[PDB]
């Protein structure tokens, strides 16, 4: 699995801040928009993009506060990410798009799709944000830790002071062992502790047992849109998974219209680090059928 990032940097000024993004493949035609989540960046898509770039334009931004994008002093609530990504998409003049999304990138992509349905030609997703009804449904190996991330004072000490999302969650949620060069790429944006604010706000925004109520309402709304939408969907899943275990992927294969599911083999949350070649080759084979 490759460790390099052979992509020229591109920058665009959005809402007073510079955002970094990858932009490869043809300069025209329907673009494929890749959206990462917590605590990653466009580096998470480095081995998937090469399977797609020969046939389609590939665009992969780093969310505000992350990767090579600027890091303003924001609270980093979900709504801040919604504003910056909405402005990024308009600055590039995108019209119709295909979405490839993960984790908080999936909450951003599904929320954008619900608001701009006529502009989404297909959605490839994996390990995406959905309402988790009870803590029983969160997997045991990660339950107490996520509960601690959401406990006053304790969570900030773990994520901000100790960098637990990068040092702990990331490698423990990839089945194969990550290398030093890959982990140092993921550590680079967060060498200043104060910049770890988004990494702590994200787990505190996950809709679990009805809290926080504002995010639960937003996610219930895009899930209701997704269940009624005829847009083509491609869902990758792994065993045992984290947000989308095998039994959940089997339920979604029925309840999401026009959905093809792909079993990637062993995987926890960052599926792209366990089987990037199958994820990229299956997206490349599925895209032509969308025309």
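Positions refer to the first chain, counted from 1.
Checked against the record, the higher mean CA B factor of 86 to 94 and 173 to 181 lies with 86 to 94.
If you average the C-alpha B-factors over 205 to 213 and over 106 to 114, the higher value belongs to 205 to 213.
Taking the PDB entry at face value, the top CA B factor among 54, 240, 61, 39 belongs to 54. Of the candidates 153, 197, 188, 220, the one whose C-alpha carries the top B factor in the deposited record is 153. Split the chain's modelled residues into thirds by C-alpha temperature factor. Residue 262 is in the middle one. When all modelled residues of the chain are sorted by CA temperature factor, residue 10 is found within the highest third. Annotation for residue 47: CA B-factor lies in the lowest third of the chain's modelled residues. In the PDB entry, a CA B factor belonging to the highest third of its chain's modelled residues is recorded for residue 24. Residue-level temperature factors show residue 230 in the highest third of its chain, judged at the C-alpha atom.
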